[PDB]
Amino acid sequence: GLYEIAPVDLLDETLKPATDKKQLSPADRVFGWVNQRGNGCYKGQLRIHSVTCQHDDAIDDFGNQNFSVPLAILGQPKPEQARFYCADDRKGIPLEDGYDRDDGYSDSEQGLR
RNA sequence: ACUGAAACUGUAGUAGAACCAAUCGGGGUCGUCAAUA
């Protein structure tokens, strides 16, 4: 089945990425913005630079240069798990327990988490 | 019912001044998929 509402519709227009120079939120000013939908960009007011490691032997060679630990499974996020990614309110409150999956992206008064 | 002759369209003059190839982005991470018996 398909849920009835697309997740973009469960996000408020004031929380979506900014579409114009006048709707720049704090991080869009501090870190800057480029409009993904048209003209409009802003150079960020915050620049990170001069990263230096202090420790010379900072890297854990696990024993030999050829050793390698196999690293769990980093799976892809699956927002289809509406009980994990969907919120019962635009306050971000979780879905209620015990309801069937169709409850998920179900009403416009639902929110994203 | 006696051709005028002779005469450099040339001389001077910087396609140039100003303009940031640049703005935003963690090499990141979980549950789905199939439909019957």
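FYI, side chains are in, hydrogens and waters are out, and symmetry mates aren't considered; it's all heavy atoms of this structure. Below, read A as the first sequence line, B as the second, and so on, with proteins coming before strands; counting in each chain starts at 1.
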Side chain A:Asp20, main chain A:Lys22, donor-acceptor under 3.5 Å: yes
Heavy-atom neighbours of A:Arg47 CZ exceed 12 at 6.0 Å: no
Show me the side-chain donor-acceptor pairs of residues 63-77 of chain A shorter than 3.5 Å, one per line, residues at least two apart or across chains.
none

Only distances under 3.5 Å count here; give the side-chain donor-acceptor pairs of residues 89-96 of chain A to other protein atoms, sequence neighbours excluded, each with its distance to 0.1 Å.
residue, atom, partner, partner atom, Å
A:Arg90, NE, A:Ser108, O, 3.0
A:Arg90, NE, A:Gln110, O, 3.4
A:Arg90, NH2, A:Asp9, O, 3.0
A:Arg90, NH2, A:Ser108, O, 2.7
A:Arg90, NH2, A:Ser108, OG, 3.3

Residues, nucleotides or ligands: over 12 heavy atoms within 6.0 Å of A:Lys43 NZ: no
Annotated protein contacts, base or backbone, on nucleotides 32-37 of chain B with a non-hydrogen cut-off under 4.0 Å, one of B, S, - each: S-----
Conformer about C1'-N of B:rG25 - syn within 90° of 0, anti elsewhere: anti
P spacing across the pair B:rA5 / B:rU9, given as an integer number of angstrom: 16 Å
Atom CZ of A:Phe84: over 12 foreign heavy atoms under 6.0 Å: no
is_stacked(B:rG10, B:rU11) at 5.5 Å centroid, 30° plane limits: yes
Enclosure of A:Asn39 CG (heavy-atom neighbours >12, cutoff 6.0 Å): no
Heavy-atom closest pair, residues A:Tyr105 and A:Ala82: CE1-CB, 3.4 Å
B:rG28|B:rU29 base stack, centroid gap <5.5 Å, plane angle <30°: yes
B:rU11: syn or anti, per glycosidic angle within 90° of 0: anti
Protein-to-nucleotide contact annotation, 5' to 3' order, nucleotides 22-29 of chain B [B base; S sugar-phosphate only; - none; under 4.0 Å, heavy atom]: -BB----B
Short side-chain donor-acceptor distance under 3.5 Å, A:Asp103 and A:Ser106: no
Whether A:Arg113 side chain and A:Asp88 backbone form a donor-acceptor pair below 3.5 Å: no
Worked check of side chain to side chain contact (heavy atoms under 4.5 Å, CB included) between A:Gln23 and A:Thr19: CA-CA 7 Å; A:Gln23 69 179 255; A:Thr19 73; 3.2 Å; yes
Residues from residues 6-16 of chain A lying under 4.0 Å of RNA chain B - heavy atoms: none
Trace of the side chain to side chain contact (heavy atoms under 4.5 Å, CB included) decision for A:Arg101 with A:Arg83: CA-CA 8 Å; A:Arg101 293 187 74 161; A:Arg83 308 200 182 90; 3.6 Å; yes
Nucleotide-level pairing of RNA chain B, given in dot-bracket where Watson-Crick and G-U pairs need both distances under 3.5 Å and | marks other strands: .....................................
